[PDB]
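Chains as they are written, first to last, in PDB author numbering: chain A, 1 to 309; chain B, 1 to 309.
2 protein chains.
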Amino acid sequence: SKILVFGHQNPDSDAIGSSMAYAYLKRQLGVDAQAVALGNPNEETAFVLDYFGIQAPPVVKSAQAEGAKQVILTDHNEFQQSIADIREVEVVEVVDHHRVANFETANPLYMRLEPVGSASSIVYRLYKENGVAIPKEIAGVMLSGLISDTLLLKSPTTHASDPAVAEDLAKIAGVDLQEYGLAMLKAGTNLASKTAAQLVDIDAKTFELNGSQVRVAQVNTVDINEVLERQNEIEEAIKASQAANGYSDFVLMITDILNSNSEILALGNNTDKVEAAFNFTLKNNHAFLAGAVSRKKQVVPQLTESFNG
Amino acid sequence: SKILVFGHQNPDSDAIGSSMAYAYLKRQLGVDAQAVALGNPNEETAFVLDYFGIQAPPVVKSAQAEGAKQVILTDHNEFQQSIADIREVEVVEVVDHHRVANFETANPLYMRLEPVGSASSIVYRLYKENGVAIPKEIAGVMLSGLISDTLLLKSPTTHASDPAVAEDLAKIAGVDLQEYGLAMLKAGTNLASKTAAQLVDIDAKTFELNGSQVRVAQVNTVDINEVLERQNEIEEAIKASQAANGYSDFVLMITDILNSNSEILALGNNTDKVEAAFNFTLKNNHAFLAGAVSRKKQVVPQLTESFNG
Ligand SMILES: [Mg+2]
Ligand SMILES: [Mg+2]
Ligand SMILES: [Mn+2]
Ligand SMILES: [Mn+2]
Ligand SMILES: [Mn+2]
Ligand SMILES: [Mn+2]
Numbered sequence: 001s002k003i004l005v006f007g008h009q010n011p012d013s014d015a016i017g018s019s020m021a022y023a024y025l026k027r028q029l030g031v032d033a034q035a036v037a038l039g040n041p042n043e044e045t046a047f048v049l050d051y052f053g054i055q056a057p058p059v060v061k062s063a064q065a066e067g068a069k070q071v072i073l074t075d076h077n078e079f080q081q082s083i084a085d086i087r088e089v090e091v092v093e094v095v096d097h098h099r100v101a102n103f104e105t106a107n108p109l110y111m112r113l114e115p116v117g118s119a120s121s122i123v124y125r126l127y128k129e130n131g132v133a134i135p136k137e138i139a140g141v142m143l144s145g146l147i148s149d150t151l152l153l154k155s156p157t158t159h160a161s162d163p164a165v166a167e168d169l170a171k172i173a174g175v176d177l178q179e180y181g182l183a184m185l186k187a188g189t190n191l192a193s194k195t196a197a198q199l200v201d202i203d204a205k206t207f208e209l210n211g212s213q214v215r216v217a218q219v220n221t222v223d224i225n226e227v228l229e230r231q232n233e234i235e236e237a238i239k240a241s242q243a244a245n246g247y248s249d250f251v252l253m254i255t256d257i258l259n260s261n262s263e264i265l266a267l268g269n270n271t272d273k274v275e276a277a278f279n280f281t282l283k284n285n286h287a288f289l290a291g292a293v294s295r296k297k298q299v300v301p302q303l304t305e306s307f308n309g
Numbered sequence: 001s002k003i004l005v006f007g008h009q010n011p012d013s014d015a016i017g018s019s020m021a022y023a024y025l026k027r028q029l030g031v032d033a034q035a036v037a038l039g040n041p042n043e044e045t046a047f048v049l050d051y052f053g054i055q056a057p058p059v060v061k062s063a064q065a066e067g068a069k070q071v072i073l074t075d076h077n078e079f080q081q082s083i084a085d086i087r088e089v090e091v092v093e094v095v096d097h098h099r100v101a102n103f104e105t106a107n108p109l110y111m112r113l114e115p116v117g118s119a120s121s122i123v124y125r126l127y128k129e130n131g132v133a134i135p136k137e138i139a140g141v142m143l144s145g146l147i148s149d150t151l152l153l154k155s156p157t158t159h160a161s162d163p164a165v166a167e168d169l170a171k172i173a174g175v176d177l178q179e180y181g182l183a184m185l186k187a188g189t190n191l192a193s194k195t196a197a198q199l200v201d202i203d204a205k206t207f208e209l210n211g212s213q214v215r216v217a218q219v220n221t222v223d224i225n226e227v228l229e230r231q232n233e234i235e236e237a238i239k240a241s242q243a244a245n246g247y248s249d250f251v252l253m254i255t256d257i258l259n260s261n262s263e264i265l266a267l268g269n270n271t272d273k274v275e276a277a278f279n280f281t282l283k284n285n286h287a288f289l290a291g292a293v294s295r296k297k298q299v300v301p302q303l304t305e306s307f308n309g
């Protein structure tokens, strides 16, 4: 009866932070909940965990294997993004900031979705609404989740209310927003220590675009050209992944967080549709896409339009 | 920019109350929201609107027709229970206490689902959470929804937090909980004014139970015996429906909403799948199903299990 609280596959900072923050809150409310992760923390999240001196959630792969019948999803609701046997257990709660799709429950449940910058932002309000004090380290993982998802509040996903949230969490966490923000974001640009295969699967999701299974990965870097130093291995890793997972197209978003621009490297059957989604020309399989920092707002939408559905 | 707020087709008290109350709330929050209905009030709801003297929402049939592109749904989420052009508009918010299915959004949205007795109960908390004092008449329709969906807090669907809510909405609406409730519930048991075919179809559903097509209807009455005065005319309307709709089994629930029992009348090929389902014996085509007041929580399972899985 231990309720498992977890974010999406290829957990990012917001996924981990929101699940940890929410699990703690559930416990304060008398619920036997435990935060777990569907994968190992990425470099950005590792930085956060280390910073506030807390351990990463246990990594699990099957709810049933862990003997759990009830789960709480944070930072996602779509089944392909959840635990492998999500269809076999009961989803009792969901706290997320994404559109809803490929989600279904047999019974009523709790749901708190808000079209804001991060799932962590929502959990924060739940602490306030329940009158539960926020511990320093919990504030830290929540703040980190918000900072992560909004690129230190500079991303188009930043909601009007997020800055105030970010400000209060920073205070509770004992950090200077800009200083901590920049340090953490930079921690995610540690890509050299990763293999090409791992690099393209650090932060990636799949989208069904008018019948095409399109993989869209993102990475934060201090320089697009640095990431391209291994373009060959990366393209190779991309083609391999495409064959292994059934992807007709693979889009790699190389985001320069300093200059707020992203390089688009795409391979597959419909690279021409990619070129159409952004009106550019892929040379050696990539092109510059100025001002792009958000996958959900500045990439998927145009890819959706060009592929159509 | 004009958001319609509505409950589900064939609205009950909760559907009407929750949309009216919530729409009012959004307006106090600066959102140009308007409560609309997908049908006219039933005897129960007409009794409520009159008691607190307020007009029932205007019945509409299309969001596109009302000049609205955005909509807020209360007391439901499944598209088949919604507005005709639901897939054509944007769902900006959902307040409900049902399971989720046949629901999808292209973009992020606000969702507030809680596994409680009524949708009105959730709206109640939304008022307090937003610092908006609840208006007398509004408390009236909200209280009615809660009392209606939970049979004056007696149903298995009643949540631990529902009583206090019911209690507080009564105080605000200026009524005594126990009297207004009974008086309101009794007011809605008007069956003699409807034809047999109408009864067996005012609140029924269909369930595929291993190849069988079983109709399961529910009628609220203050006295089963009285409805049993029309047994014959009923079995006729039943046999008829089974002929026209292919139904292999028809189970009628004559729910006595004051004692919490439901006499089960069954005609069909598997009138044994039912007995073995409620461990009773159909003496005259019907048996006594004590404690039954909820179809899915007290009738579906056993049926679902007797027909085996
Ligand atoms: Mg992201
Ligand atoms: Mg009901
Ligand atoms: Mn995430
Ligand atoms: Mn997120
Ligand atoms: Mn309803
Ligand atoms: Mn309801």
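The C-beta atom is built at its ideal place from N, Cα and C for all residues, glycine as well.
Could you name the residues of chain B that A/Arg-295 contacts, counting a contact when the two beta carbons are closer than 8 Å?
The count along the first sequence starts at 1 and reaches residue 295 of chain A at position 295. Within chain B, no residue comes near A/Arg-295; the closest Cβ sits about 14 Å away, beyond 8 Å.
Are the C-beta atoms of A/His-159 and some chain B residue less than 7 Å apart?
Position 159 of the first sequence, counting from 1, holds the residue named residue 159 of chain A. Taking Cβ atoms only, chain B never reaches closer than 7 Å to A/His-159, which makes this a no.
Residues near ligand 3, CB to any non-hydrogen atom under 5 Å, in chain order?
A/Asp-12, A/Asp-14, A/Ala-15 and A/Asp-75
Taking Cβ positions only, does A/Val-100 come closer than 7 Å to chain B?
Looking up residue 100 of chain A in the first sequence gives position 100. Taking Cβ atoms only, chain B reaches closer than 7 Å to A/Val-100, which makes this a yes.
Grouping DSSP H, G and I as helix and E and B as strand, with all else coil, what is A/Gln-302?
Position 302 of the first sequence, counted from the first residue, corresponds to residue 302 of chain A. If DSSP states are grouped into helix, strand and coil, A/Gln-302 belongs with the helices.
Interface positions of the stretch 109 to 128 of chain B facing chain A (Cβ-Cβ less than 7 Å), listed along the chain
So the list reads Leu-109, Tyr-110, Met-111, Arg-112, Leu-113, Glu-114 and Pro-115, given in the order they occur along the chain.
To which residues does DSSP link B/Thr-105 through a beta bridge?
As a first step, residue 105 of chain B must be located in the second sequence, where it is residue number 105. BP columns for B/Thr-105 are empty, so no partner.
Residues of its chain near A/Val-251, where Cβ-Cβ distance is below 8 Å and the 5 sequence neighbours each way are ignored
Working through the first sequence from its first residue, we reach residue 251 of chain A at position 251. These residues qualify, in order along the chain: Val-214, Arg-215, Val-216, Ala-217, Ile-264, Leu-265, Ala-266, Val-274, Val-299 and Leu-303.
Whose Cβ in chain A lies nearer than 7 Å to the Cβ of B/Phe-103?
The count along the second sequence starts at 1 and reaches residue 103 of chain B at position 103. Ordered by position in chain A, the residues that pass the 7 Å Cβ test against B/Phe-103 are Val-100.
If you reduce the DSSP assignment to three classes, tell me which class B/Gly-145 lands in.
One-based indexing of the second sequence puts residue 145 of chain B at position 145. It is helical.
Helix, strand or coil for A/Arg-215, going by three-state DSSP, please let me know.
One-based indexing of the first sequence puts residue 215 of chain A at position 215. In the displayed model, A/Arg-215 falls within a strand according to three-state DSSP.
Once DSSP output is grouped into helix, strand and coil, what is the label at A/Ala-204?
On the first sequence, position 204 is the one that residue 204 of chain A refers to. Looking at A/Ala-204 - three-state DSSP - the assignment turns out to be strand.
Of the listed residues A/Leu-258, A/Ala-37 and A/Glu-208, nearest to residue 327 of chain A (C-alpha basis):
Examination of residue 327 of chain A is not possible in this model, given that chain A is present from 1 through 309 alone.
Integer-rounded CB distance, given that A/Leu-126 should sit under 8 Å from B/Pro-115
Stepping through the second sequence from its first residue, residue 115 of chain B is reached at position 115. Stepping through the first sequence from its first residue, residue 126 of chain A is reached at position 126. Not really, about 16 Å apart at Cβ, beyond 8 Å.
Quick one: what's got a C-beta closer than 6 Å to A/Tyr-124's C-beta in the same chain, skipping five residues either side?
Within the first sequence, residue 124 of chain A is the residue found at index 124, counting from 1. Correct list, in chain order: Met-142 and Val-165.
With a threshold of 7 Å between beta carbons, is A/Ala-277 in contact with chain B?
Translated into positions along the first sequence, residue 277 of chain A becomes position 277. Closer than 7 Å: no.
Going residue by residue through the stretch 3 to 35 of chain A, where are the continuous alpha helix (DSSP H) segments of at least 4 residues, counting only ones entirely within it?
13 to 28
Less than 7 Å between CB atoms is the rule here; does A/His-8 satisfy it with respect to chain B?
Residue numbering aside, residue 8 of chain A sits at position 8 when the first sequence is read from its first letter. With 7 Å as the cut-off, A/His-8 does not count as an interface residue toward chain B.
For B/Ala-276, name the three-state secondary structure that DSSP assigns.
On the second sequence, position 276 is the one that residue 276 of chain B refers to. Three-state result, B/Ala-276: helix.
Thinking just about the alpha-carbon of each residue, which of B/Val-200, B/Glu-43, B/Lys-205 and B/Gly-246 is nearest to the one in B/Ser-13?
Sequence index remark: in the second sequence, residue 13 of chain B carries index 13 (1-based). When each option's Cα is compared against that of B/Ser-13, the closest is B/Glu-43.
What does B/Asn-107 touch in chain A if you count any residue whose Cβ is under 8 Å from its own?
For this step, residue 107 of chain B is matched to residue 107 along the second sequence. Going along chain A in sequence order, the residues near B/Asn-107 (Cβ under 8 Å) are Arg-99 and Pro-115.
When you compare each of B/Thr-157, B/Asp-50 and B/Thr-255 to B/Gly-117 by their alpha carbons, which one comes out closest?
Translated into the one-based positions of the second sequence, residue 117 of chain B becomes position 117. If we check each option's Cα against that of B/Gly-117, B/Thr-157 comes out closest.
Is any non-hydrogen atom of ligand 4 found closer than 6 Å to the C-beta of residue 313 of chain A, if you look at the structure I gave you?
Shown here, chain A extends from 1 to 309; a query on residue 313 of chain A therefore has no answer.
What does DSSP give as the partner residue(s) for A/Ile-264 in the beta ladder?
Your numbering for residue 264 of chain A matches position 264 in the first sequence. BP columns for A/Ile-264 point to A/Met-253 and A/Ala-287.
Selection from A/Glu-66, A/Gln-34, A/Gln-9 and A/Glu-137 that minimises the alpha carbon distance to A/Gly-53:
As a first step, residue 53 of chain A must be located in the first sequence, where it is residue number 53. When only C-alpha atoms are compared, the closest one is A/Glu-137.
Can you look up A/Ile-54 in the DSSP assignment and give me helix, strand or coil?
Taking the first residue of the first sequence as 1, we reach residue 54 of chain A at position 54. Three-state DSSP puts A/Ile-54 in coil, outside helix and strand.
DSSP state of B/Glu-44, grouped into three classes?
The residue given as residue 44 of chain B occupies position 44 in the second sequence. Correct three-state label for B/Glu-44: helix.
Distance cut-off 6 Å: B/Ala-119 Cβ against heavy atoms of ligand 6
Residue mapping note: residue 119 of chain B aligns to position 119 of the second sequence, counting from 1. Yes, Cβ of B/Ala-119 sits closer than 6 Å to a heavy atom of ligand 6.
For a quick check, are the C-beta atoms of B/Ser-144 and B/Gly-17 less than 7 Å apart?
Counting from one through the second sequence, the residue named residue 144 of chain B turns up at place 144. Counting from one through the second sequence, the residue named residue 17 of chain B turns up at place 17. The answer is yes: Cβ separation under 7 Å.
Per-residue DSSP class, three states only, for A/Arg-99
Reading the first sequence from its first residue, position 99 is the one you call residue 99 of chain A. Coil.
Euclidean distance between Cα positions of A/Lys-61 and A/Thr-45
Here residue 61 of chain A corresponds to residue number 61 of the first sequence, with the count starting at 1. Here residue 45 of chain A corresponds to residue number 45 of the first sequence, with the count starting at 1. Spanning the two alpha carbons is a distance of roughly 19 Å.
On a Cα-Cα basis, can you pick out the residue from B/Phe-288, B/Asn-245 and B/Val-222 that is closest to B/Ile-257?
Within the second sequence, the letter at position 257 stands for residue 257 of chain B. Of B/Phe-288, B/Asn-245 and B/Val-222, the residue nearest in Cα terms is B/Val-222.
Could you please give me the residues that DSSP links to A/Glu-93 through a beta bridge?
By 1-based counting over the first sequence, the position of residue 93 of chain A is 93. According to DSSP, which records beta bridges pairwise, A/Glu-93 is partnered with A/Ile-72 and A/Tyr-110.
Does DSSP put B/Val-59 in a helix, in a strand, or in coil?
Your numbering for residue 59 of chain B matches position 59 in the second sequence. DSSP places B/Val-59 in strand when its eight states are reduced to three.
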